[PDB]
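J.: Here it is, the structure, as structure tokens.
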Amino acid sequence: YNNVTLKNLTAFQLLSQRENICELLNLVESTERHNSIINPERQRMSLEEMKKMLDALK
Amino acid sequence: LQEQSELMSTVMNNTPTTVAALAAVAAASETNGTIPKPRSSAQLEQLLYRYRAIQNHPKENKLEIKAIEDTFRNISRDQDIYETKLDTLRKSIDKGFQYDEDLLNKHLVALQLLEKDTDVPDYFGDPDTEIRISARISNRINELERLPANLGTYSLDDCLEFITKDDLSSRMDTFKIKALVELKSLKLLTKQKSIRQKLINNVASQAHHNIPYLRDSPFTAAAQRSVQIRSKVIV
Amino acid sequence: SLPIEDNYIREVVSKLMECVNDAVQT
């Protein structure tokens, strides 16, 4: 798995190219890959860390 | 120790009264593990017939006559039961069924293929399962290598040729050629395997200069272009 | 139990609307 092949590159490009067309028709959900990376409680926890760094640096 | 073949050996050696298998408990019962109820149509039954017909002369040295006669009683009883059941079975037939034709076809073809051990289609790696293939081919080789060499046909089309006492008809060998094409094709198997390896490992070994939709892709052309880069000359 | 000819043995023997309903809308 350390190396890549022509089959691996072609499969990766075909998979990533069919995932992009299925968002126009909305026949795939992809809410998990969205919200596991947005994660708004993690976002406000990080903003609280930035606010605490503003408090500690002033 | 195959007493149902020992009787055959004593019959085909033409000397069965001179030994008579030494019917005691030590010899006539050591091969039996009554007698085991012979399996064939008549090939193991005519031997029992001849064995009783030879053992009518001593009549007391052989104690095993009674179990053989009990099996004769069993055979006669089973035969009478079958004759009564065949008399009733021909009376138990409905007056109208009108058996379908295109299923009689399938039952006849299926029975015929299931007689002579060939695979029937339905229409109704891993060296465990590699040896189970390579042990069915040795079956067919050691079944074809026991056919007699003087094997010949007699088709229903020699009547149009008027063969005399010595005329040498021209369709006599339509089975012995067919019984050698199989026997020599099942020995030239690991020669066509070695030719198929040299075929596939020289057609698939290029795979990017003959096939058009592979030598026109971006990544294959980029790899073939990038392997040909001559090294940089310092100064 | 007579054998049969070889040339007679060889002789007897919802995903649509899920795109259309999304192609009519958009």
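Naming scheme: A, B, ... for chains in displayed order of the structure tokens; residues 1 onward per chain; ligands 1 onward as shown.
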List every residue of chain A that has an atom at most 10 Å from any atom of region 12-22 of chain C, and for each one report the closest atom pair and its distance in Å to one decimal, counting only C-alpha atoms, with rows sorted by chain and then by increasing residue number, as CSV.
T.:
residue,atom,partner,partner_atom,distance
A:24,CA,C:22,CA,9.0
A:25,CA,C:22,CA,5.6
A:26,CA,C:22,CA,7.5
A:27,CA,C:18,CA,7.5
J.: Tell me the residues of chain C close to chain B, meaning within 8 Å using only C-alpha atoms, as number ranges by chain.
T.: C: 1, 3-4, 9, 13
J.: Using the selection just defined, write its residues with N, CA and C atoms as a CSV table (one decimal), in the first residue's frame.
T.:
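Writing the result to again_32.csv gives the following:
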chain,number,residue,atom,x,y,z
C,1,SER,N,-30.5,-47.6,-22.1
C,1,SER,CA,-29.0,-47.5,-21.9
C,1,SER,C,-28.3,-47.4,-23.2
C,3,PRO,N,-26.4,-44.8,-25.9
C,3,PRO,CA,-25.9,-43.4,-25.8
C,3,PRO,C,-26.5,-42.6,-26.9
C,4,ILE,N,-26.6,-41.3,-26.5
C,4,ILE,CA,-27.3,-40.3,-27.3
C,4,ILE,C,-26.2,-39.5,-28.1
C,9,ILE,N,-27.0,-33.6,-27.4
C,9,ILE,CA,-26.8,-33.1,-26.1
C,9,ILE,C,-26.4,-31.7,-26.1
C,13,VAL,N,-29.5,-28.8,-24.5
C,13,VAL,CA,-28.9,-27.8,-23.6
C,13,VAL,C,-28.6,-26.5,-24.2
J.: If we count only C-alpha atoms, what is near residue 169 (chain B) at a cut-off of 8 Å, once residues fewer than 6 positions away on the same chain are taken out, given as a ChimeraX atom specification?
T.: /B:158,161,163
J.: At a cut-off of 12 Å, list the chain B residues touching chain A, using only C-alpha atoms, as a VMD selection string.
T.: chain B and resid 208 214 to 215 217 to 223
J.: Mind writing the picked residues with N, CA and C atoms as a PDB file, in the first residue's frame?
T.:
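The result, stored in out_17.pdb:
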ATOM      1  N   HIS B 208       0.936  -1.777 -23.225  1.00  0.00           N
ATOM      2  CA  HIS B 208       0.908  -0.323 -23.280  1.00  0.00           C
ATOM      3  C   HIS B 208       1.498   0.195 -24.580  1.00  0.00           C
ATOM      4  N   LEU B 214      -4.988   2.318 -23.539  1.00  0.00           N
ATOM      5  CA  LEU B 214      -4.057   2.387 -22.422  1.00  0.00           C
ATOM      6  C   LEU B 214      -2.846   3.256 -22.715  1.00  0.00           C
ATOM      7  N   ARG B 215      -2.361   3.274 -23.953  1.00  0.00           N
ATOM      8  CA  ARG B 215      -1.238   4.127 -24.314  1.00  0.00           C
ATOM      9  C   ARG B 215      -1.670   5.541 -24.672  1.00  0.00           C
ATOM     10  N   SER B 217      -3.795   7.179 -22.259  1.00  0.00           N
ATOM     11  CA  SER B 217      -4.154   7.746 -20.972  1.00  0.00           C
ATOM     12  C   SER B 217      -3.088   8.757 -20.544  1.00  0.00           C
ATOM     13  N   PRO B 218      -3.413   9.671 -19.615  1.00  0.00           N
ATOM     14  CA  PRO B 218      -2.380  10.615 -19.151  1.00  0.00           C
ATOM     15  C   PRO B 218      -1.218   9.953 -18.435  1.00  0.00           C
ATOM     16  N   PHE B 219      -1.510   9.035 -17.518  1.00  0.00           N
ATOM     17  CA  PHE B 219      -0.504   8.582 -16.567  1.00  0.00           C
ATOM     18  C   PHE B 219       0.466   7.595 -17.204  1.00  0.00           C
ATOM     19  N   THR B 220      -0.025   6.754 -18.119  1.00  0.00           N
ATOM     20  CA  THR B 220       0.843   5.817 -18.826  1.00  0.00           C
ATOM     21  C   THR B 220       1.796   6.550 -19.758  1.00  0.00           C
ATOM     22  N   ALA B 221       1.276   7.523 -20.512  1.00  0.00           N
ATOM     23  CA  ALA B 221       2.123   8.330 -21.382  1.00  0.00           C
ATOM     24  C   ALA B 221       3.126   9.141 -20.577  1.00  0.00           C
ATOM     25  N   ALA B 222       2.721   9.625 -19.401  1.00  0.00           N
ATOM     26  CA  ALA B 222       3.638  10.389 -18.564  1.00  0.00           C
ATOM     27  C   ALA B 222       4.722   9.501 -17.967  1.00  0.00           C
ATOM     28  N   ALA B 223       4.385   8.259 -17.619  1.00  0.00           N
ATOM     29  CA  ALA B 223       5.384   7.348 -17.071  1.00  0.00           C
ATOM     30  C   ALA B 223       6.370   6.893 -18.137  1.00  0.00           C
TER      31      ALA B 223
END
J.: Quick one: pick out all helix (DSSP H, G or I) residues within chain A from a backbone DSSP run and write them as number ranges by chain.
T.: A: 6-21, 31-38, 40-56
J.: So the first atom is CA of residue 151 (chain B) and the second is CA of residue 164 (chain B); what is the distance between them in Å, to one decimal place?
T.: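 These two atoms are separated by 20.4 Å.
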J.: Residues at most 10 Å from region 44-49 of chain B, counting only C-alpha atoms, excluding those fewer than 6 positions away in the same chain, as an NGL selection string?
T.: :B and (4-5 or 7-8 or 10-11 or 37-38 or 55 or 68-69 or 72)
J.: For the residues in the current selection, export N, CA and C atoms as a compact mmCIF listing (two decimals), in the first residue's frame.
T.:
# COMPACT_ATOMS: atom_id res chain seq x y z
N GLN B 4 -15.73 -62.92 -2.05
CA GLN B 4 -16.47 -62.82 -3.30
C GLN B 4 -15.57 -62.59 -4.51
N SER B 5 -14.27 -62.44 -4.30
CA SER B 5 -13.27 -62.56 -5.35
C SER B 5 -12.44 -63.83 -5.22
N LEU B 7 -13.84 -66.75 -4.47
CA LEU B 7 -14.66 -67.71 -5.21
C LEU B 7 -14.45 -67.57 -6.72
N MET B 8 -14.31 -66.33 -7.20
CA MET B 8 -14.05 -66.10 -8.62
C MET B 8 -12.67 -66.60 -9.03
N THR B 10 -11.01 -69.08 -7.52
CA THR B 10 -11.11 -70.54 -7.50
C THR B 10 -11.90 -71.08 -8.68
N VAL B 11 -12.86 -70.31 -9.20
CA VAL B 11 -13.59 -70.72 -10.39
C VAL B 11 -12.76 -70.58 -11.66
N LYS B 37 -24.38 -61.01 1.14
CA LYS B 37 -25.48 -60.71 0.20
C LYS B 37 -24.95 -60.06 -1.08
N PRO B 38 -24.45 -60.89 -2.03
CA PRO B 38 -23.73 -60.39 -3.23
C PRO B 38 -24.38 -59.29 -4.05
N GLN B 55 -19.97 -78.22 -3.94
CA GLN B 55 -20.02 -78.70 -2.56
C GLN B 55 -21.20 -79.63 -2.28
N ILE B 68 -25.52 -69.84 2.99
CA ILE B 68 -25.68 -69.63 1.55
C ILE B 68 -27.10 -70.00 1.12
N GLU B 69 -27.64 -71.09 1.67
CA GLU B 69 -29.02 -71.47 1.38
C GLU B 69 -30.03 -70.50 1.99
N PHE B 72 -30.16 -67.87 -0.46
CA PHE B 72 -31.01 -68.29 -1.57
C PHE B 72 -32.49 -68.12 -1.23
